[PDB]
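Asker: The structure follows.
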Amino acid sequence: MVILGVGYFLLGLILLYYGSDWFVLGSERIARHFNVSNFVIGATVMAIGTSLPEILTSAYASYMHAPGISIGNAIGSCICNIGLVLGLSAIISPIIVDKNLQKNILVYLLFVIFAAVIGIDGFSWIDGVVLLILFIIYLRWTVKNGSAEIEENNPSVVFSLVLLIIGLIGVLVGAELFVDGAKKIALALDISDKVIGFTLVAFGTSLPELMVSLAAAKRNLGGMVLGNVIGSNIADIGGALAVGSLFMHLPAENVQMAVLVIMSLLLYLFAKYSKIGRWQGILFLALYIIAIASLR
Ligand SMILES: CCCCCCCC/C=C\CCCCCCCC(=O)OC[C@H](O)CO
Ligand SMILES: CCCCCCCCCCCCCCC
Ligand SMILES: CCCCCCCCCCCCCCC
Ligand SMILES: [Sr+2]
Ligand SMILES: [Sr+2]
C-alpha cells in the first residue's frame, strides 16, 4: 500500500505544481478579457474554485454530525490564507494596494467582524442564510466596481478558459491525491491518529490557495494573490461555514475568530496606510506559527 502511497502523493504534487500555474495563467487571461483587475478574478472565480474543498468538506462534516470540524475547517482556512498563504506571497512579491482595493478589503473586515459577532453564541441556520446572502452581494459588488467592461462579443478566450478550468482540475485533484497519498502512507506504516487525520485534510483544503498564490507571486501577480486570499476567506465564511449551519448549529469558536479578526484588521491597516511586503508577510507568518502552536 505504501507503493501507491508514494505514487498518489508525488503525482498530486506534480498536478499541484503545474496545475496552479495554468490556473493562474488562465485566470490572468480571463481578467484581461473581462477588463477587470486580477484582484477581481482572484476574489471571484479563483476564490470560489479554491474554496470548493472547504464547502464540500464542512457540508459533509456538519451533515455527518461533526459541526466542530465544519466551523473548524472554515475558520482554520481563513487564518491560514492570511497567515501562511498571504504571508509567503507578500515576501516573494510585495504589493502596494490602490484605494479602489482598500475599500474592498475594508468591506472584508466589516464582513468578518459581523460574522464574529453573530457567531459568539454559535452559528444557526439563519446565520448561514444571512452570511450566504452577503457572500453573494460581495461577489456582485466586487465585480461591478472592479468592472471597466466595454466590449461587444473566440479562439483566444477558449484557450484561456481551457487553461483555467484544467488548471483548477489540476489543483483540486492534485490536492486530494496529496491527501489520499499521505493517508495511505500513514496507515501502511501504522502512524495514523484521528486528529492528525483531520490535520492533513485541514491543510489539504488550503493547498489550492497555497500553491495558486505561490504561482501568482512568482509572476509578480500579488494583486491576484490578495484577491484570492480575501475572496477565499469570505467564501469560507459565507459559503463553507454557512452551508454547514444549514444542516446543524455550529459551536462557537471565538478564540479563532478573534485571531482571524485581528489578522484581518492588520491586513486592512497594512493595505490602507503601509504596504503588504516583507515585514508584513514576516509578521503574518510569525502570527501563523504562534497560532498553530497554541490553538486547539
Ligand atoms: C451589515 C454589516 C455589519 C458589519 C458589522 C457591523 C458591526 C456589527 C453590527 C451588528 C452585530 C450583530 C448585532 C446582533 C447580534 C449581537 C450578538 C449576539 O450575541 O447575537 C447574535 C445573534 O443571535 C445572531 O442571530
Ligand atoms: C520531474 C517531475 C515531473 C515533471 C513532469 C513534467 C516534465 C516536463 C518536462 C519538459 C517537457 C514537457 C513536454 C514538452 C512536449
Ligand atoms: C429559530 C430556528 C428554528 C429551527 C427549527 C428547526 C428547523 C431548522 C431548519 C433549517 C433549514 C435550513 C435550510 C437552508 C437551505
Ligand atoms: Sr480553500
Ligand atoms: Sr448566532
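By convention here, the chains of the C-alpha cells are called A, B, ... in the order presented, each chain's residues are numbered starting at 1, and ligands are numbered starting at 1 in the order presented.
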Please report, as a Markdown table, each residue of chain A lying at most 8 Å from ligand 4, together with the nearest pair of atoms and the separation in Å rounded to one decimal; use only C-alpha atoms and all ligand atoms, and order rows by chain and ascending residue number.

Answerer:
```
| residue | atom | partner | partner_atom_place_in_ligand_line | distance |
| --- | --- | --- | --- | --- |
| A:47 | CA | ligand 4 | 1 (Sr) | 7.7 |
| A:50 | CA | ligand 4 | 1 (Sr) | 4.8 |
| A:51 | CA | ligand 4 | 1 (Sr) | 3.9 |
| A:52 | CA | ligand 4 | 1 (Sr) | 6.7 |
| A:53 | CA | ligand 4 | 1 (Sr) | 5.9 |
| A:54 | CA | ligand 4 | 1 (Sr) | 5.7 |
| A:77 | CA | ligand 4 | 1 (Sr) | 6.4 |
| A:205 | CA | ligand 4 | 1 (Sr) | 4.7 |
| A:206 | CA | ligand 4 | 1 (Sr) | 4.3 |
| A:207 | CA | ligand 4 | 1 (Sr) | 7.0 |
| A:208 | CA | ligand 4 | 1 (Sr) | 6.0 |
| A:209 | CA | ligand 4 | 1 (Sr) | 5.7 |
| A:232 | CA | ligand 4 | 1 (Sr) | 6.2 |
| A:236 | CA | ligand 4 | 1 (Sr) | 7.4 |
```

Asker: Those same residues, written as a compact mmCIF listing (two decimals), in the first residue's frame with N, CA and C atoms?

Answerer:
```
# COMPACT_ATOMS: atom_id res chain seq x y z
N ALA A 47 -11.16 32.33 -6.12
CA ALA A 47 -11.57 32.13 -4.74
C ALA A 47 -12.56 30.98 -4.61
N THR A 50 -11.04 27.55 -5.46
CA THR A 50 -10.11 27.05 -4.45
C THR A 50 -10.76 26.95 -3.07
N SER A 51 -12.05 27.28 -3.00
CA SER A 51 -12.80 27.14 -1.75
C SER A 51 -13.81 26.00 -1.85
N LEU A 52 -13.88 25.38 -3.03
CA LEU A 52 -14.69 24.18 -3.22
C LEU A 52 -14.37 23.06 -2.22
N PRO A 53 -13.08 22.84 -1.88
CA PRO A 53 -12.80 21.84 -0.84
C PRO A 53 -13.49 22.13 0.49
N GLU A 54 -13.36 23.35 1.02
CA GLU A 54 -13.98 23.70 2.30
C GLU A 54 -15.50 23.62 2.28
N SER A 77 -9.04 27.71 7.74
CA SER A 77 -8.60 28.07 6.40
C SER A 77 -8.41 29.58 6.27
N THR A 205 -7.34 21.40 2.24
CA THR A 205 -8.30 22.31 1.62
C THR A 205 -7.70 23.70 1.44
N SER A 206 -6.46 23.86 1.90
CA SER A 206 -5.75 25.13 1.78
C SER A 206 -4.63 25.03 0.75
N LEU A 207 -4.32 23.80 0.35
CA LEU A 207 -3.32 23.55 -0.69
C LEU A 207 -3.63 24.27 -2.02
N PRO A 208 -4.91 24.28 -2.46
CA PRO A 208 -5.20 25.09 -3.65
C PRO A 208 -4.76 26.55 -3.52
N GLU A 209 -5.29 27.29 -2.55
CA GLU A 209 -4.91 28.70 -2.38
C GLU A 209 -3.41 28.86 -2.17
N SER A 232 -11.29 33.95 -0.68
CA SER A 232 -11.38 32.62 -0.07
C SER A 232 -11.91 32.69 1.35
N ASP A 236 -15.16 31.01 2.60
CA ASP A 236 -15.10 30.07 3.72
C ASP A 236 -16.19 30.38 4.74
```

Asker: Applying 7 Å and only C-alpha atoms, which residues near range 98-107 of chain A remain after dropping the ones on its own chain fewer than 4 positions away? List them as JSON, numbers by chain.

Answerer: {"A": [111, 268, 271, 272]}

Asker: Give the residues close to ligand 5, within 7 Å, counting only C-alpha atoms and all ligand atoms; write them as a list in words.

Answerer: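 Taking only C-alpha atoms and all ligand atoms into account, the residues around ligand 5 at most 7 Å away are residues 118, 119, 120, 121, 122, 123, 124 and 127 of chain A.
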
Asker: Counting only C-alpha atoms and all ligand atoms, what residues are within 12 Å of ligand 3, given as a ChimeraX atom specification?

Answerer: /A:59,63,123-133,242-249

Asker: Quick one: DSSP alpha helix (DSSP H) residues in range 99-161 of chain A, as JSON, numbers by chain?

Answerer: {"A": [99, 100, 101, 102, 103, 104, 105, 106, 107, 108, 109, 110, 111, 112, 113, 114, 115, 116, 117, 118, 125, 126, 127, 128, 129, 130, 131, 132, 133, 134, 135, 136, 137, 138, 139, 140, 141, 142, 143, 144, 145, 155, 156, 157, 158, 159, 160, 161]}

Asker: Using only C-alpha atoms and all ligand atoms, which residues of the polymer chains come no farther than 10 Å from ligand 2? I'd like the answer as a PyMOL selection string.

Answerer: chain A and resi 10-11+13-15+17-18

Asker: I'd like the contact shell of range 87-90 of chain A - 7 Å cut-off, only C-alpha atoms, skipping same-chain residues fewer than 3 positions apart - returned as a ChimeraX atom specification.

Answerer: /A:82-84,93-95,213-214,217,222,276-278,281-282,284-285

Asker: Residue 135 in chain A: which residues within 8 Å, counting only C-alpha atoms, same-chain residues fewer than 5 positions away excluded, as a PyMOL selection string?

Answerer: chain A and resi 234-235+238-239

Asker: Which value, in Å to one decimal, gives the distance between CA of residue 75 in chain A and CA of residue 114 in chain A?

Answerer: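 Between CA of residue 75 in chain A and CA of residue 114 in chain A the gap works out to 14.0 Å.
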
Asker: What lies within 7 Å of range 168-170 of chain A using only C-alpha atoms, ignoring chain neighbours under 3 positions off, as a PyMOL selection string?

Answerer: chain A and resi 15-16+19+23+49+164-165+173-174

Asker: Please save N, CA, C and O atoms of the selected residues as a PDB file, in the first residue's frame.

Answerer:
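Contents of again-v7.pdb, freshly written:
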```
ATOM      1  N   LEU A  15       0.752  17.592 -10.025  1.00  0.00           N
ATOM      2  CA  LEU A  15      -0.503  18.163 -10.502  1.00  0.00           C
ATOM      3  C   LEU A  15      -0.801  19.496  -9.821  1.00  0.00           C
ATOM      4  O   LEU A  15      -1.491  20.346 -10.382  1.00  0.00           O
ATOM      5  N   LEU A  16      -0.280  19.674  -8.611  1.00  0.00           N
ATOM      6  CA  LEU A  16      -0.429  20.938  -7.897  1.00  0.00           C
ATOM      7  C   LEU A  16       0.518  21.991  -8.456  1.00  0.00           C
ATOM      8  O   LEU A  16       0.141  23.148  -8.627  1.00  0.00           O
ATOM      9  N   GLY A  19      -0.580  22.527 -12.203  1.00  0.00           N
ATOM     10  CA  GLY A  19      -1.975  22.922 -12.184  1.00  0.00           C
ATOM     11  C   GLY A  19      -2.179  24.338 -11.683  1.00  0.00           C
ATOM     12  O   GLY A  19      -3.027  25.067 -12.200  1.00  0.00           O
ATOM     13  N   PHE A  23      -3.734  27.478 -13.893  1.00  0.00           N
ATOM     14  CA  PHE A  23      -4.896  28.115 -13.283  1.00  0.00           C
ATOM     15  C   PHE A  23      -4.649  29.611 -13.097  1.00  0.00           C
ATOM     16  O   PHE A  23      -5.547  30.426 -13.301  1.00  0.00           O
ATOM     17  N   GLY A  49     -13.312  28.602  -6.767  1.00  0.00           N
ATOM     18  CA  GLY A  49     -12.715  27.354  -7.203  1.00  0.00           C
ATOM     19  C   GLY A  49     -11.814  26.720  -6.158  1.00  0.00           C
ATOM     20  O   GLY A  49     -11.824  25.503  -5.975  1.00  0.00           O
ATOM     21  N   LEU A 164      -7.605  27.666 -17.601  1.00  0.00           N
ATOM     22  CA  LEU A 164      -8.102  27.931 -16.253  1.00  0.00           C
ATOM     23  C   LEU A 164      -8.756  26.691 -15.646  1.00  0.00           C
ATOM     24  O   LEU A 164      -8.377  26.247 -14.562  1.00  0.00           O
ATOM     25  N   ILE A 165      -9.741  26.146 -16.353  1.00  0.00           N
ATOM     26  CA  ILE A 165     -10.510  25.000 -15.872  1.00  0.00           C
ATOM     27  C   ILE A 165      -9.631  23.776 -15.612  1.00  0.00           C
ATOM     28  O   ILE A 165      -9.726  23.152 -14.554  1.00  0.00           O
ATOM     29  N   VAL A 173      -7.741  18.071  -7.858  1.00  0.00           N
ATOM     30  CA  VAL A 173      -7.410  16.651  -7.883  1.00  0.00           C
ATOM     31  C   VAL A 173      -6.031  16.424  -7.273  1.00  0.00           C
ATOM     32  O   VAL A 173      -5.830  15.490  -6.495  1.00  0.00           O
ATOM     33  N   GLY A 174      -5.087  17.292  -7.624  1.00  0.00           N
ATOM     34  CA  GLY A 174      -3.739  17.214  -7.093  1.00  0.00           C
ATOM     35  C   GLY A 174      -3.684  17.350  -5.582  1.00  0.00           C
ATOM     36  O   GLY A 174      -2.842  16.735  -4.929  1.00  0.00           O
TER      37      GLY A 174
END
```

Asker: Which neighbours of residue 177 in chain A fall inside 7 Å, counting only C-alpha atoms, when residues of the same chain fewer than 5 positions from it are skipped, and could you give them as an mmCIF file with N, CA and C atoms, in the first residue's frame?

Answerer:
```
data_model
loop_
_atom_site.group_PDB
_atom_site.id
_atom_site.type_symbol
_atom_site.label_atom_id
_atom_site.label_comp_id
_atom_site.auth_asym_id
_atom_site.auth_seq_id
_atom_site.Cartn_x
_atom_site.Cartn_y
_atom_site.Cartn_z
ATOM 1 N N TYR A 8 0.473 8.318 -5.423
ATOM 2 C CA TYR A 8 -0.572 9.326 -5.250
ATOM 3 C C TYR A 8 -0.020 10.644 -4.709
ATOM 4 N N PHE A 9 0.902 10.541 -3.756
ATOM 5 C CA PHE A 9 1.486 11.709 -3.105
ATOM 6 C C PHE A 9 2.272 12.576 -4.082
ATOM 7 N N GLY A 12 0.225 14.057 -7.034
ATOM 8 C CA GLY A 12 -0.561 15.196 -6.595
ATOM 9 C C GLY A 12 0.273 16.459 -6.534
#
```

Asker: Hey, which of A:156, A:81, A:73, A:280 ends up closest to residue 253 in chain A? Count only C-alpha atoms.

Answerer: A:73

Asker: Rounded to one decimal place, report the CA of residue 215 in chain A-CA of residue 269 in chain A distance in Å.

Answerer: 25.5 Å

Asker: Given the choices A:182, A:134, A:200, A:260, which gets closest to ligand 1 if the distance is worked out from only C-alpha atoms and all ligand atoms?

Answerer: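 Using only C-alpha atoms and all ligand atoms, the shortest distance to ligand 1 belongs to A:134.
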
Asker: Suppose you want the space between CA of residue 139 in chain A and CA of residue 36 in chain A; what is it in Å?

Answerer: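 Separation between CA of residue 139 in chain A and CA of residue 36 in chain A: 13.2 Å.
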
Asker: Could you give me, as a ChimeraX atom specification, each residue of range 60-257 of chain A that DSSP assigns to strand (DSSP E or B) when run on this structure's backbone?

Answerer: /A:95,123,147,250
